[PDB]
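Note that the deposited numbering gives residue 151 to position 46 of the sequence shown, counting from 1, and the numbers run on in steps of one. For every residue, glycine included, the Cβ atom is placed at its ideal position computed from N, Cα and C.
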Amino acid sequence: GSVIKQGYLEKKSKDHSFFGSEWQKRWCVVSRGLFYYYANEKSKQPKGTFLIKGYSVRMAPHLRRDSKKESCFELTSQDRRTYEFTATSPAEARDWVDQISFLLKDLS
Numbered sequence: 106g107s108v109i110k111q112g113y114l115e116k117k118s119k120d121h122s123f124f125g126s127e128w129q130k131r132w133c134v135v136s137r138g139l140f141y142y143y144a145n146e147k148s149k150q151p152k153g154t155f156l157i158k159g160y161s162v163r164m165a166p167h168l169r170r171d172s173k174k175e176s177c178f179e180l181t182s183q184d185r186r187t188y189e190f191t192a193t194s195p196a197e198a199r200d201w202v203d204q205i206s207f208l209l210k211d212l213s
């Protein structure tokens, strides 16, 4: 079907409120051409959706300074906002990068 990969990641998330950005747990889904994410796997509505065409993806240890930096990756665009993620492990992050890359290369 349409889902390529899904699971929990920490997303760097602006609260648009008093505290700014924090790493926050999100259930993330990448389907063909489309990424969407929720607070929880059983949340009623997504927090966000975006078309992935135009994005680049890579591991990104600059995103944090603690020991989870080896599990961080980013989706970047020169036109739209970047999305920054921490997986549970380097292996998990590498898989996200690989699976999203496979989509992005086809889209290109």
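Presumed contact (8 Å Cβ cut-off) between residue i and residue j, rounded CB distance
i           : j           : result
residue 129 : residue 118 : 4 Å
residue 154 : residue 139 : 7 Å
residue 152 : residue 160 : Not confirmed; about 18 Å, so no contact.
residue 110 : residue 131 : Actually they do not touch by this definition, with Cβ atoms about 14 Å apart.
residue 187 : residue 173 : Actually they do not touch by this definition, with Cβ atoms about 18 Å apart.
Where residue i sits in the DSSP three-state scheme
i           : result
residue 123 : coil
residue 137 : coil
residue 206 : helix
Beta carbon of residue i nearer than 8 Å to that of residue j
i           : j           : result
residue 202 : residue 162 : yes
residue 61  : residue 157 : This structure does not reach residue 61, given that the chain is present from 106 up to 213, and the question cannot be answered.
residue 189 : residue 197 : no
residue 182 : residue 195 : no
residue 112 : residue 133 : yes
May I have a chain-ordered list of the beta strand (DSSP E) segments no shorter than 3 residues that lie completely inside the segment 145-195?
-> Qualifying beta strand (DSSP E) stretches, in chain order: 153-156, 161-164, 177-181, 188-191.
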